[PDB]
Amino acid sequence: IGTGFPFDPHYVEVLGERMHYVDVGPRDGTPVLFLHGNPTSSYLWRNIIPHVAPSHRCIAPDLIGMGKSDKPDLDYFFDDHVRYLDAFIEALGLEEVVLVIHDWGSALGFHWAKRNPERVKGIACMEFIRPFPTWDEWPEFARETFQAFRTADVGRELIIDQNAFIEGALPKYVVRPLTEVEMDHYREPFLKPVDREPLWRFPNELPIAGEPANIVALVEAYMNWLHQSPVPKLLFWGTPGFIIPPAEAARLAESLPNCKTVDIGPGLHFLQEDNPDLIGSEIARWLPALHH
């Protein structure tokens, strides 16, 4: 599995801040917009993009405060990411897109899709955010971890002071062992502890046990949208998975319209690190029928 990042840098000024992005592939078709989540960056897509670039433009931003994007002193609420990603999409003059989304990038992407339904020609998703109505519905072995992340003071000590999301959660939720070179790519944006604010706010935004109410409501709304939308969907899932267990992937395959599901094999949360070649090849194969 490749560890390099052989993509020329691009930066765009968004809300007074520079945002970094990958931009490869032909200019004259529907772009494919790749959205990472926590605590990752466009690096997460590095081995997937090359499968898609031959046929479509591939755009993969680093969310504000992450990757090689600038680091304003924000609270880094989901709403802050919404504001910056909306403005990124417009700054690039995008019209119609295909989304490829994961984790908080999936909350961003589904929320954008719900608000812009005529501009989304397909959604490939994996390990995406849905409401967790109670803590018993969160993966059992990660309940303590995430309860502590969301606990006054303690969560900041773990994630900001001790870098627990990068050094702990990220490799824990990849089945194969991440190499030191890969870890260094993920560590680089966060070498200064104070710059870890997004990494702490994100788990505090997760829609778990009804809190925070604004996120629970907007995630319920995009899921209601998704359940009645005819947009083509491509859902990748792994075993045992993490926030999309195999039985949930099967439920979604039946319930969501026009949804194709692909088993990637072993996987927890960062499925892209366990089987990027199948994810990329299946996205590439699925795109042509979306054009018409």
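Residue positions are given as counts along the sequence shown, with the first one as 1.
Hey, which bit's got the bigger mean C-alpha B factor in the entry, 122 to 130 or 142 to 150? The stretch with the larger mean CA B-factor is 142 to 150.
For the C-alpha atoms alone, is the average B factor greater in 104 to 112 or in 172 to 180, going by the entry? The stretch with the larger average C-alpha B-factor is 172 to 180.
Name the residue from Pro39, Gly267, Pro245, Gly65 with the greatest C-alpha temperature factor listed in the entry. Max CA B-factor in the entry, restricted to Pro39, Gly267, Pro245, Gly65: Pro245.
By the CA temperature factor listed in this entry, which of these ranks top: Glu167, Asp80, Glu205, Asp73? Among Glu167, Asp80, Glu205, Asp73, the PDB entry lists the largest C-alpha B-factor for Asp73.
Among modelled residues of the same chain, the CA temperature factor third for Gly93: For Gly93, whose C-alpha B-factor we compare with every modelled residue in the chain, the answer is the highest third.
Classify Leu252 as lowest, middle or highest third according to the C-alpha B-factor given in the PDB entry, relative to its own chain. Tercile = highest for this residue's CA B-factor.
Entry-reported Cα temperature factor of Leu199, expressed as the chain third it lands in: Lowest third - that is where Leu199 ends up once the chain's C-alpha B-factors are sorted.
Compared with the other modelled residues in the chain, in which third is the CA B-factor of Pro276? As the PDB entry reports it, the C-alpha B-factor of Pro276 lands in the lowest third of its chain.
Record-listed C-alpha B factor of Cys259: chain third: Highest third - that is where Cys259 ends up once the chain's C-alpha B-factors are sorted.
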